[PDB]
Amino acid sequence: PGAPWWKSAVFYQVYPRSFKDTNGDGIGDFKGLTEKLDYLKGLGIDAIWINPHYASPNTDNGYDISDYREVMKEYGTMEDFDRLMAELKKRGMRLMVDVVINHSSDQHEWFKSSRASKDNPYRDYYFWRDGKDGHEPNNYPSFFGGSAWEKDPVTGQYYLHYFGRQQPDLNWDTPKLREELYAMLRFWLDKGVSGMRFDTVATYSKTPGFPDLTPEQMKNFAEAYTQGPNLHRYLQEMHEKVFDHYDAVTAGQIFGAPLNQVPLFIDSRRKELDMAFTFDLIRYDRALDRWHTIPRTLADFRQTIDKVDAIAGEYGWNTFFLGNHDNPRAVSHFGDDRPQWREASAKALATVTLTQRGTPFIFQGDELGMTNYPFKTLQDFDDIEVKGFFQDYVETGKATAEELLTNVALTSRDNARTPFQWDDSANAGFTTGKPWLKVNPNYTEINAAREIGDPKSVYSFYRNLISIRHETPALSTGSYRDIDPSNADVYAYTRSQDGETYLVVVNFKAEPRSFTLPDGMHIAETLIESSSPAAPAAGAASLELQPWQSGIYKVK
């Protein structure tokens, strides 16, 4: 048999708000993305995942939806959306949209009705509960600061919100709400959408009785919210009522779940989701409070990857990504973003990204080597997660504003949201007005127009890697094997399929290193290298590596 298209596709994540503005209001829009499809097509992209594009008050930039069937005013009209669809099809590309059904905006008609009275027909579309002992129903904290329970004076009860107070959680325990959600998914699927990424898919099921979390659970509340007892019954129901009738690919953002539970979401035999976005790797150096960082080495990096890969087993499938809209920039996070090493290391990371087993997702800008942004004050962050950390750690005296800044400058998701750098015109060609979030000053040296024609740019290296992966089955669907989980200097692994074996070797040190191939293995050909002065000799049994050198080889 053949492997589904999604297992050998290369996806690109577009955060519309920061991709391309075409009417100078400072916010990216659909017309801007449509206008750039040739750029994505030329890069070699097969499919695009776009962040939320529905009507939203934007308290959380698309993730607080006020109407699942209208497009966000800032991005355009349904007509623009359809046009995007049509233009992607002409290029043989597929669109994956974001599905945010753990919560809705508090401006959605369902919630406006729900909060009116305890007897309103929409009361149970959400979670309403009496406070206890003079305060909230229980000790549940919110991802974005303070309590997860908000009191509504209209009825005297509190409603639940794992996220923003303007993002009340939807009540999956209510059949009528589930059916409405299924009918809303068909509305988009009927328009031809090829894939759906499920926002915080592991938190749909709530714990009966809402008992207080234990002190330990409070330490990692994100994990506790992924343990609802009806989760998989609900995901299986959604697959049977909806996905069974279409040929869309499903990808779940399993945030907060213990890795050992991931197979329940992706084992194809369970008929739940097709693939998984996990966070063990991207948060491998993040502390439990989600804002401090902890020092890690390449040994920790590869070991996490091996664990995640082993979790897909035979019937499951993983996505692979080094960056997205909720995390710091890939080259700053995992590579070395100092001027003299940024390009070499961004190419190294590209080699890792495109040779991993699973479906890779390239986050907008990483193909250029975009970096974290030089925040100077807390006022430079738009992110509500940061305002939340201020409320929970500074106002409470657990940390000073300076300590918060020092740390969130390295972890804030806003590092990934500064406008895409198209060229060196005003605001790097992202807008003719004022960008909603400041463009990085390094756009003068890091921009698409400058890299596109240069054979040695980070962009060209990504383009070349994508081509190589597309022509080498082993690099998408082949087996994966880490050659030395304990080595903290050089990442080396093999990918194999149908008797064909490839070797990937990436130096993660800003110093020369050597690599001896497994005994019995010899280089056969060199497919590509970055930052290398000369390819190895056919038959080489070892490799000399320059600082941050990466290479893909066919062995024998």
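A residue's number is simply how far along the shown sequence it sits, counting from 1.
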The stretch carrying the higher mean Cα B factor in the deposited entry, 50-58 or 494-502, is 494-502
With B-factors read from the PDB entry, the higher C-alpha mean of 138-146 and 217-225 is in 217-225
The largest CA temperature factor among 416, 312, 348, 354 is found at 312
In this crystal structure's PDB entry, the residue among 231, 483, 409, 185 with the greatest CA B factor is 483
Split the chain's modelled residues into thirds by Cα B-factor; residue 126 lands in the middle
By the entry's values, the third containing the CA B factor of residue 402 is the highest
Residue 515: C-alpha B-factor third of its chain, per the entry, is the highest
In terms of its chain's C-alpha B-factors, the third that includes residue 87 is the lowest
Of the three thirds of Cα B-factor ranks in this chain, residue 203 occupies the middle
